[PDB]
2 protein chains.
Amino acid sequence: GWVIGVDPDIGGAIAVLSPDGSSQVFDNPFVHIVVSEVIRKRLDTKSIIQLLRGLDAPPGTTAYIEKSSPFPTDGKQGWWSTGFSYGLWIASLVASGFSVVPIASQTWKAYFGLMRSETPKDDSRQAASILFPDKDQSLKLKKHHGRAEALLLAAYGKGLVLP
Amino acid sequence: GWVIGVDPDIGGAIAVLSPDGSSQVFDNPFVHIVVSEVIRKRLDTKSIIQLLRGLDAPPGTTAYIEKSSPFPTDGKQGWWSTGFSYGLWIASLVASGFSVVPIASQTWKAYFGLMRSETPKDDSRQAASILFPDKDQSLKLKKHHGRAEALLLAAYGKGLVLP
DNA sequence: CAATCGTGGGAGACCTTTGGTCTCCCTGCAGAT
DNA sequence: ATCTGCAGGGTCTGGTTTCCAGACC
DNA sequence: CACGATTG
Ligand SMILES: [Mn+2]
Ligand SMILES: [Mn+2]
């Protein structure tokens, strides 16, 4: 039936698949905040919760969420934000009645044969245009890869296959 | 009327202050989970949300939460965990109808004179015992420092003063 | 189970299959149009 | 406003402040 | 602070 996919990161997105085959994808809401005399994007908690309350996906719907897995060579700040974004989404999803299943990125990539691409982001947008042709207008910019990760995650939990 | 204090860490706690002067403090609910073939404690999102749902504190109540601010000499795992707890708690608090106010540890410590102690944790329990005498038995143990921090954050937003 | 200490650290999934291998982001910031 | 590239990074309060001291998990 | 470890 209904499936939710969540790319939890700052350029990420939430994708919702209804049982009639239609689909929605939203950019993750963010705000600009001061940290240590610079400005930085942080997910917008209030907006995210308002969004999750405006979905028609019923309680108990499974939200598939990409497990943040920072590399040992990423910075401590990178570790912090990805932990923070992840906790914010998990808690907002659990609080809004949705069932949360974390999925490793290697899981949904191998499912769609996206492993070992020279152009992984480009390829994700292309595979999501294929799976969701009405969204292809909304998938043409490189910055849109996060929308494509969400849609693909949702595609994975829903069982869809590339043609 | 009502004030909430949150020490969002694994050994932290949530403290709720009534207008009638009573107080409760709960340990943060955790679960043991597998990470990279070892066992690690993580906050329990479902138990947290349930706890927040059963509190008498009415909506709009302010929760004062300690800003996580890890040290640069702390490891990337510490940065990830603190960021995640923080995000889990903020999101759970906003979804439970409460208004979240982040408070740095320098701020409430300065407020209660706790700065630059040799035994910061002991002093916190002692200060929380003086402010919440009926919690005196809940602060006997050295591992009870999280209950203290949580209570002191709530006393801070409450405008309480030491004798 | 309650304290203490000391350094600061990947994690995941699937095969080669009980370990060995291999794969995966992101943040933050500085120039680039 | 989108892009790219590349290394991996503290953050906070407050001061008779315009950066910096001194503090914190 | 986390993360492992020891030590009661
Ligand atoms: Mn993403
Ligand atoms: Mn604490």
Side-chain angles (χ1 to χ4, degrees), chain A residues 7-12 28 30 32-43 65-86 102-111 113-117 120-122 124 140-146 149 153, chain B residues 7-12 28 30 32-43 66-86 102-111 113-117 119-124 140-146 149:
Chain A
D7 180 24
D9 303 295
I10 205 85
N28 284 357
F30 62 90
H32 287 98
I33 69 155
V34 172
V35 176
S36 208
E37 298 180 300
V38 298
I39 213 80
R40 280 176 204 174
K41 291 184 176 195
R42 294 268 177 268
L43 289 174
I65 181 163
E66 187 169 322
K67 319 193 172 88
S68 73
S69 205
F71 292 15
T73 52
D74 295 342
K76 58 192 58 145
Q77 287 161 351
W79 281 71
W80 188 93
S81 299
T82 61
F84 169 83
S85 298
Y86 190 68
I103 295 310
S105 75
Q106 305 92 314
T107 295
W108 65 260
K109 282 176 192 292
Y111 177 74
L114 297 178
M115 224 77 113
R116 288 311 305 271
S117 288
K121 288 176 168 175
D122 300 296
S124 280
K140 62 201 178 57
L141 298 189
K142 292 218 193 301
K143 74 199 288 285
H144 288 146
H145 68 93
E149 286 172 39
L153 264 154
Chain B
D7 172 5
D9 303 310
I10 211 60
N28 289 342
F30 59 88
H32 297 84
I33 75 148
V34 177
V35 182
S36 289
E37 300 183 318
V38 304
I39 291 300
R40 281 189 217 160
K41 279 184 178 186
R42 303 243 174 281
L43 294 173
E66 182 152 303
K67 315 177 169 191
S68 95
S69 189
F71 289 15
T73 60
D74 292 347
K76 64 201 82 163
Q77 290 166 4
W79 282 68
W80 186 90
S81 299
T82 56
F84 167 89
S85 291
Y86 198 64
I103 299 296
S105 75
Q106 293 87 332
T107 296
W108 56 266
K109 262 145 178 294
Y111 180 73
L114 306 165
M115 288 271 209
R116 299 176 68 185
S117 169
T119 49
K121 294 181 175 184
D122 283 338
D123 285 327
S124 310
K140 302 191 296 197
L141 292 199
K142 289 164 198 288
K143 75 178 201 166
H144 286 149
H145 65 98
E149 278 138 41

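Within every chain, numbering begins at 1; the chains are lettered A, B, ... in the order of the sequence lines, protein sequences first and strands thereafter. For the numbers below, each heavy atom of this structure counts, side chains included, while hydrogens, waters and symmetry mates do not.
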Looking only at side-chain atoms of [X], point me to the closest of [options].
X	options	answer
B/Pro72	D/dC12, C/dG10, D/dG10	D/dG10
B/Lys143	E/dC3, C/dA2, C/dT23	C/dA2
A/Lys67	E/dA2, E/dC1, C/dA13	C/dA13
B/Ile10	E/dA2, C/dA13, C/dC26	E/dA2
A/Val38	E/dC1, C/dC29, D/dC19	C/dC29

Q. Which residue lies toward the 5' end of DNA chain E, B/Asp9 or B/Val35, if each is placed at its nearest nucleotide?
A. B/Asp9
With heavy atoms under 4.0 Å as the rule, sort [X] into base, sugar-phosphate or nothing.
X	answer
B/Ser36	base
B/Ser81	sugar-phosphate
B/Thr107	sugar-phosphate
B/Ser105	sugar-phosphate
B/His144	nothing

Q. What pucker, north or south, follows for C/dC24 from the sign of the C1'-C2'-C3'-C4' torsion?
A. north
Same-atom distance ([atom1]) from [N] to [M], integer angstrom:
N	M	atom1	value
D/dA21	D/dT16	P	14 Å
D/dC24	C/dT17	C1'	48 Å
C/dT23	C/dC15	P	14 Å

**Q.** Consecutive bases C/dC24, C/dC25 stacked per 5.5 Å and 30° rule
**A.** no
Q. Do the ring planes of A/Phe84 and A/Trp80 sit parallel (below 30°), tilted (30 to 60°) or perpendicular (above 60°)?
A. parallel
Q) Which side of the base pairs, major groove or minor groove, does A/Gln106 reach with a side-chain atom under 5.0 Å away? A) minor
Q.
Let's test your reading of the model: under 3.5 Å, does the base of C/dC25 pair with the side chain of A/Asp74 as donor and acceptor?
A. yes
Q. Taking atom types as they are modelled, is there a donor-acceptor pair under 3.5 Å from the base of C/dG12 to the side chain of A/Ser69?
A. no
Q. Starting at the 5' end of DNA chain C, which residue's closest nucleotide do you reach first, B/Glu37 or B/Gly75?
A. B/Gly75
Q: Could you check whether A/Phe71 and the base of C/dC25 form a stacked pair, meaning centres closer than 5.5 Å and planes differing by less than 30°?
A: yes
Q. Any side-chain donor paired with an acceptor under 3.5 Å for A/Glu66 and A/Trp108?
A. yes
Q: Please state how far atom NZ in A/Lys76 lies from atom P in D/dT11, giving the value in whole angstrom units.
A: 9 Å
